[PDB]
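Residue numbers (my numbering), protein chains in the order written: chain A, 3 to 304; chain B, 3 to 304; chain C, 3 to 304; chain D, 3 to 304; chain E, 3 to 304; chain F, 3 to 304. Cβ atoms here follow ideal geometry from the backbone N, Cα and C, with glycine treated the same way. Report on the following structure.
Protein chains: 6
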Amino acid sequence: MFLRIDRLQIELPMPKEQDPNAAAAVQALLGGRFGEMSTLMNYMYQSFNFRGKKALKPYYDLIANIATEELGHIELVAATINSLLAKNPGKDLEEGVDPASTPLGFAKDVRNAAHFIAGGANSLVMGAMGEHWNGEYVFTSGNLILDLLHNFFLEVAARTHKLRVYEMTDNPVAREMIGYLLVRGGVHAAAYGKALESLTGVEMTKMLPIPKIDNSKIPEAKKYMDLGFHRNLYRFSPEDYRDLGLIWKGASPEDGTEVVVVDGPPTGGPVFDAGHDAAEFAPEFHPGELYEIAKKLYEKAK
Amino acid sequence: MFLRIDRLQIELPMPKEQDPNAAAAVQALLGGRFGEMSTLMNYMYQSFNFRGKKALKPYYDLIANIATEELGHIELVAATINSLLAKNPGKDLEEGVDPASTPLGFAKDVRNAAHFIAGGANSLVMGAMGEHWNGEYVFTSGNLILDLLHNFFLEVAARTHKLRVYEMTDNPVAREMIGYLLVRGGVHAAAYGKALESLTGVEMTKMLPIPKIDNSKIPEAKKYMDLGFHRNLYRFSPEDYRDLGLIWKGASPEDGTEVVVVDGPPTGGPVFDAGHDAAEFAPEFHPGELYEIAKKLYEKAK
Amino acid sequence: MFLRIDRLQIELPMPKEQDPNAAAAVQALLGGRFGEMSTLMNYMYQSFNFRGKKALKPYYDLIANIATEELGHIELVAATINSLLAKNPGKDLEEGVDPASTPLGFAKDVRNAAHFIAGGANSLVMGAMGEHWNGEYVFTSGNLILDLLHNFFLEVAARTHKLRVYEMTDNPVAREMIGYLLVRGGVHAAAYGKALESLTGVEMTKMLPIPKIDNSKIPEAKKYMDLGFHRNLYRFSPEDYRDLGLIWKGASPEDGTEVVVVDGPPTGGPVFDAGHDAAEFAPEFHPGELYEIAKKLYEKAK
Amino acid sequence: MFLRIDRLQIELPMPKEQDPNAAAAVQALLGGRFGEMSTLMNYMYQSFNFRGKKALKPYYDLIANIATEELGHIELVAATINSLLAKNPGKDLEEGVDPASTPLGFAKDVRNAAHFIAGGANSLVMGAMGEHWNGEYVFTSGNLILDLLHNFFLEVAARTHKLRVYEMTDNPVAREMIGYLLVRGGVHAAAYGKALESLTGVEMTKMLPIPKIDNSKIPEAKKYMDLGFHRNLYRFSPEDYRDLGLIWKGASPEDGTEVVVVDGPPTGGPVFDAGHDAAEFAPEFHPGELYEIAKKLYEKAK
Amino acid sequence: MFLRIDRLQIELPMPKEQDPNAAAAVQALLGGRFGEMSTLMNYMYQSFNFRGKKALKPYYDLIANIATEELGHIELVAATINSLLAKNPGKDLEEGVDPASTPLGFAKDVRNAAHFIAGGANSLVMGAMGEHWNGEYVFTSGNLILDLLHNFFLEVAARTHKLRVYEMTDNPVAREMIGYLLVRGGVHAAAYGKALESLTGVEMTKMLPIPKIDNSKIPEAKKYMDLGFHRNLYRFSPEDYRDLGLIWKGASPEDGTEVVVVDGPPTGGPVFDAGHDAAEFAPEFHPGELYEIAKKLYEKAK
Amino acid sequence: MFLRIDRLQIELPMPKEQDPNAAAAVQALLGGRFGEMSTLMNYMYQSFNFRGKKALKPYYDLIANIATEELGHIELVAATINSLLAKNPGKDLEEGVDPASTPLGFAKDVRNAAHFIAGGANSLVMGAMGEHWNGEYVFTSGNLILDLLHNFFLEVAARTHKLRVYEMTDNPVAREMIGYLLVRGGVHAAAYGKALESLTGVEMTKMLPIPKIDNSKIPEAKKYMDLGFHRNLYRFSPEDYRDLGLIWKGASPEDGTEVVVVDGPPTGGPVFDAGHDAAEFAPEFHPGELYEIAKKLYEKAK
Ligand SMILES: [Li+]
Ligand SMILES: [Li+]
Ligand SMILES: [Li+]
Ligand SMILES: [Li+]
Ligand SMILES: [Li+]
Ligand SMILES: [Li+]
Ligand SMILES: [Li+]
Ligand SMILES: [Li+]
Ligand SMILES: [Li+]
Ligand SMILES: [Li+]
Ligand SMILES: [Li+]
Ligand SMILES: [Li+]
Ligand SMILES: [Li+]
Ligand SMILES: [Li+]
Ligand SMILES: [Li+]
Ligand SMILES: [Mn+2]
Ligand SMILES: [Mn+2]
Ligand SMILES: [Mn+2]
Ligand SMILES: [Mn+2]
Ligand SMILES: [Mn+2]
Ligand SMILES: [Mn+2]
Ligand SMILES: [Mn+2]
Ligand SMILES: [Mn+2]
Ligand SMILES: [Mn+2]
Ligand SMILES: [Mn+2]
Ligand SMILES: [Mn+2]
Ligand SMILES: [Mn+2]
Ligand SMILES: [O]
Ligand SMILES: [O]
Ligand SMILES: [O]
Ligand SMILES: [O]
Ligand SMILES: [O]
Ligand SMILES: [O]
Ligand SMILES: [O]
Ligand SMILES: [O]
Ligand SMILES: [O]
Ligand SMILES: [O]
Ligand SMILES: [O]
Ligand SMILES: [O]
Ligand SMILES: [O]
Ligand SMILES: [O]
Ligand SMILES: [O]
Ligand SMILES: [O]
Ligand SMILES: [O]
Ligand SMILES: [O]
């Protein structure tokens, strides 16, 4: 079972203005083959399908727990996309938008028109070419070593996509999200590498980094490492998965320092609200009446 | 962000036999168009994309919270499929399997060979025809009423699929899961119906049930209604989404009785472990050495 | 624009038994790559996209008119599938079905479970492997000769699929439909062949038949040829497309006799009603109340 | 069976010049998930699959007839796309185009290059991201109420897409088509809402409009309402489907006025011919010889 | 550029019976995600896309050459499927087949009806669920180490699928092919492992075997190891790719013995001819006349 | 089996600078429905699946041999795309690229962002809309005439796509590749036309050219015809497929001159190396160390 906390894993800054094509690129990191939907769903299904949940508990704890962290990663990437697509972030009501004036004319020419037609200028479950995420992006073989090898690869392929998208987008919201997730994915690759070392004797962490560029070269990632985030494997559970430190121990590939298991989630930051976009009819063409209905619900609870 | 509890939402019975084609049918309820992946991802993305998270808070709480419940539903359906595919449920080691003896011969003739080739006799992210789940199964328009109308329909379509699959197999593991999720889906349809009533004045819950058959006629669903579980909307959050009762109030469609919000998840049941299946090399061809490695990780003194 | 006549293009026989796997095979002829959805949508879009609708009018008339015939062919193939899936053909009410008795148990083991889960034991927009029909099955290049060459090939590929499916099932409903559509497809291939001859001088009809087997060797096709139906190109329009005989003239490939345009559709046969299937909740679990509602709508006096 | 009339459901104006990206956006309304292919194919297959064609005749008439209207809607949207893609609308011959001069250079940079590579600058069976229409966009459950609920949703989701595309495209051809189809889809949603009211007692039409914006705010739609088109359900059949007025009666959601069944199709407008585009080789590189062949066909018919 | 030799990479045994469902399983090894189409197209595109073809030549030679071997592997797997589907292997003519006798009746009930409808009882470009091979099964990142890590994983995933299919069928044609390709895939995994060791210092070959079962335990693989074939990396080029031994050197993972480059292909075996299948119209319904045409082409004197 | 020669079928010129959208258009010719992957895989699978390999040998030789030529065509088109995507063609090391400077900013706005995210600025297995190539683009019926008719169509449809892309792209690398492949595809269509003439008596080559434009109007193609390349069917085999001249004889459709079989491949031109692109991490972020590793491999081979 799962619980939800209404916080992003990190706070995000506010864009100056909408950037459709940046959003379209960041979609690769959400619904593309090596996006956060893929790391999420790989580890989630592997955790369901895991054989030897007690006999191989340290490894089950690892996969089950990282799966849970990836839920917050799809959330964070979606928030980044939504921030880039928001007309009026935080503004509950805009008046005077006239559909006859072609208020979405810009969207005719952007890469991803689906963001504005199918979405209400919001994230979709797709990659940078509009390709919808698919379940064949999941590998769940039941063989622990084969799955872990897959997962080590998956994390460094995902890293490579994050680096490339970072190099496309100058928006601070994207750069902050990517810098943070470069550090988190670095932890995951290190953890799966340590798991493989324990099971096979092959020194997988010595292959890192892939590509051969340090996260320290990405300023936003460097800041998060200066805060210690590359050391941290958070236990995203009230009471379970207490044996993470049997694998998540020893040296960090980033700097050689001792890694640590942190009890509980980080404190994070606020969730994002894109506000009213009347031309998208989102959350309504003119939401004033619906806001009054919601206000009255609180009154009649008395 | 999210947390995980290492428990299924309910206790499931022990499978007494492998039933591949029953598993293949139950896959519709996991990765088909109207399976639990679809209710999950619809509500998850709508929750990310929600505009007016404070101004329309009761409705945000509702979608965000139901999304979180659906995480446990994909888990429960996957455990059911894994139960139907398990050769040696709960058993850490089977010896003496020889690939040359054709130990997967039965799998040649089953509907879903992928369960045995791609999976290690485990669940996959697909429906009853082998179709992998896809992101175009998600509707996230940004318009609150349009989304809620979609979701009401989605829940009753999903219910229809559950009823049809129930009629295909008398397997007790599958029927236990379906009975429970008929009740839970009944709550979700009722909740979206109540949300629509509040926003539009249209008495959507008076359309229920769809199809025109009562859950009380399904013995395994009646079991859970007899415990009161159709009344309960569980708040799957430590501290957030506290305004569910502004919508989740008034009469149950099942029996006219007053519905209630329950703070926190139900107690749950243990997770499922399919055990060793040597022919699937899962978790290893012979996992004895890996089990010894895992045991030695605990020798870590202190 | 289009009009509809509530009749199948031919009378079909009453199914005597459900035959799921025969239905699954016949789906190739509906939603597979070379099924009736493909001939329909190819000619429909080519007709929309046609350049020179006046300057090349005989060829426009041909494609526009054959497209219209193919609407009745998807209808006929769907009726055939529905006949093979019908539990109680023509019967408005069956009572006493109990879901707990596993009334869909047989469907667990059939090839196409989607017919029973997604469909209410009815046709779906897919082929013999469950693959949903897709728009990339359409070729609409704007170049008349290239399109016509495509269409000649399409018809003989479709014929090949019909012959193979015919050889898979001796079901009389399926064979009646296939015999008729072998004849109709023979007309379409001949017509596109004659169109190519007129534009290029290449004697395309001399390539027929493909494969090298005569329709006269298929008893159910010979039935319709014995009535003269291989001669007939029906003009499915009240007033338009009057120049078909500029192309549809000269010898039939079947027997060398003169072909003719028939103004208007053939008489047809009744539509098919699969009746009540309570286990599929179709048209309702118990439709008695809905039938009473419908009856009362007629009480509307005047 | 079906018949064809060589008229669009409304006349369309002529664009000043080609607008590739407008065409690419309008594709959502043709081959996207909530485009006219989807309303067409949903109602078409539901009509084939309908159980109780006599006992539930008013509802069968409704679905069967609306399906027929949607055939003219795919035609109208395709004509709109073709109008936006036409280089030389109405012009049968352009001379002097040299492929070596890069006459399609502009198409290198447009959103939808397939329009110019796979199509001969013509419509394709796809949406606004190039995604080909697929049969999984059809819902045909066999359960009348479930299907009608689906269809009510489908029409208002389609409306939402039409409004968004309208807000992207200032081209009169697009605005006229969309204004007209907003009114027609308004009729369909009202009709399915009235059908649900009759079967369930739930006042579905009171939910309209969705989104909460009146068609009267869209100038082209307002004109069509001033002509009475929101009242009209046309009977697209010579002799069938005569019981539409048992459901299609009472108040219009637009203005409260009495709705009416119109015997027969509207008179409509001319079909569209994009003319010659030599760089697309459409209908031929230089069609002069083919036009002479067609002329001679009329001579030799004497 | 490429050349072709009209020989399979090994001699295969004569099939003694048709086995449709065995063919359907073996399709996973052809067009599934981890089939030979995937190893082929991965290495082929990586070879095209390779940066540093001179500066990193040993690694280019390796990928370019293994790609070429995989061409013969798709050929070998297709021949195996065709053997399992052949009615009359090696026989040019069967007379007396009558379509009306339902000669394809068995095919109604097999898993893969497409083999008999779309194919003429022959291989298709698809996996074990009928899923057509797709280009998203290719990973071509341009980063040498990332690609090589991918390829190491790909080979051991492919091996896992081969082992599972081997366990599904005791058909001798299938098992001969699988035994040989277990050996060949073992060479490829070892070679990519050695390439990774050279570039990273990580002892990837020490992870082998994955799964933890030796090829020597599969009798048909041991057959080929007993001939020495696990030592051999064949250079499939007349004059190019001469630096393979810079990487393909040192110990075999199978037995610790020294591996070698073999200049040129192995001798091979004859190609397979499934013979006439009249019910499939393959190569014609009755090919006697075509055989006479072919014979007469040789009468060409000189 | 197959062999590889490290030469392109023709030399290609060097672009002045990267042209992403030209690359995206040329992708249609690689992985689109009528691209070189399709001609390749059609003929390859038809050759595997061919019945009567001896009795119909001239036709088997033709398909098997043309399949082999198409391998070099996917190679040539990929080289063209890679040339258009290369930042630094031929340059082994660029220093000073800083990811923090947004060095991929241009790629945010191009049509095909996947080239820069999933690819390392390299070719992908997809068409001009990002659609990945799929195995349903292959037709392998087992019926010789039906397949040959398909293949004649396939070649002229492919030609049409090549002409359209030529008209979009002024880059010499694209124009040279397309001019050459127009001539080669002209040979293939002529050859399949001659095969059909021999088997059927229908004068298929008289339909050529399709579209009705001569290759002589494309300057690059004209040059290759002036060199005689339209006459040449190269035998891409050491010793096999020696009966091509039984079909490949008589008049060329281009100019009436006698066609010829050439023993062996053409001499071709150099393969292409895109060089270092540090922002793509291709072949490494900074490949200096890897180049030193490769150098040392040659030293330690002594
Ligand atoms: Li911006
Ligand atoms: Li640090
Ligand atoms: Li625990
Ligand atoms: Li519970
Ligand atoms: Li239990
Ligand atoms: Li008839
Ligand atoms: Li009948
Ligand atoms: Li314009
Ligand atoms: Li009005
Ligand atoms: Li009637
Ligand atoms: Li060999
Ligand atoms: Li043999
Ligand atoms: Li350029
Ligand atoms: Li010449
Ligand atoms: Li030979
Ligand atoms: Mn992540
Ligand atoms: Mn991760
Ligand atoms: Mn659920
Ligand atoms: Mn639910
Ligand atoms: Mn037809
Ligand atoms: Mn036809
Ligand atoms: Mn419509
Ligand atoms: Mn409509
Ligand atoms: Mn291989
Ligand atoms: Mn391999
Ligand atoms: Mn080619
Ligand atoms: Mn070719
Ligand atoms: O991740
Ligand atoms: O991540
Ligand atoms: O991550
Ligand atoms: O759900
Ligand atoms: O559910
Ligand atoms: O649910
Ligand atoms: O057709
Ligand atoms: O047909
Ligand atoms: O047809
Ligand atoms: O529609
Ligand atoms: O519409
Ligand atoms: O509509
Ligand atoms: O492979
Ligand atoms: O392989
Ligand atoms: O392999
Ligand atoms: O080709
Ligand atoms: O080509
Ligand atoms: O070609």
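Residue i beta carbon near ligand 38 (any heavy atom closer than 7 Å)
| i | result |
| --- | --- |
| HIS75 of chain D | yes |
Where residue i sits in the DSSP three-state scheme
| i | result |
| --- | --- |
| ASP149 of chain D | helix |
| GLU38 of chain B | helix |
| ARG6 of chain C | strand |
| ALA192 of chain A | helix |
| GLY74 of chain B | helix |
| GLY270 of chain D | coil |
| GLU294 of chain B | helix |
| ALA176 of chain F | helix |
| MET128 of chain B | strand |
| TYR236 of chain A | strand |
Reference residue i; option with closest CA among the options
| i | options | result |
| --- | --- | --- |
| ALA159 of chain D | A:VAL158, A:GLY181 and A:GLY122 | A:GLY122 |
| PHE154 of chain D | D:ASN23, D:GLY266, D:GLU133 and D:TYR45 | D:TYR45 |
| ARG113 of chain F | A:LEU106, A:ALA130 and A:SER103 | A:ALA130 |
Near ligand 2: residue i beta-carbon under 7 Å from a heavy atom
| i | result |
| --- | --- |
| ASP228 of chain A | yes |
Ligand 7 heavy atom lying under 7 Å from the CB of residue i
| i | result |
| --- | --- |
| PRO17 of chain C | no |
Cβ neighbours of residue i in the same chain (closer than 6 Å, five flanking residues each side left out)
| i | result |
| --- | --- |
| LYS224 of chain F | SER218 |
Nearest-angstrom Cβ-Cβ length linking residue i and residue j, presumed shorter than 8 Å
| i | j | result |
| --- | --- | --- |
| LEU248 of chain A | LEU299 of chain B | 4 Å |
| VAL28 of chain D | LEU78 of chain D | Not confirmed; about 11 Å, so no contact. |
Heavy atom of ligand 40 within 7 Å of residue i beta-carbon
| i | result |
| --- | --- |
| residue 2 of chain E | In the structure as shown, chain E starts at 3 and stops at 304, and residue 2 of chain E therefore has no counterpart that could be examined. |
Residue i: CB within 7 Å of a non-hydrogen atom of ligand 37
| i | result |
| --- | --- |
| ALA69 of chain F | no |
Ligand 35 heavy atom lying under 7 Å from the CB of residue i
| i | result |
| --- | --- |
| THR41 of chain C | yes |
Same chain, Cβ closer than 7 Å to residue i, five either side skipped, listed in chain order
| i | result |
| --- | --- |
| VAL262 of chain C | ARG233 and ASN234 |
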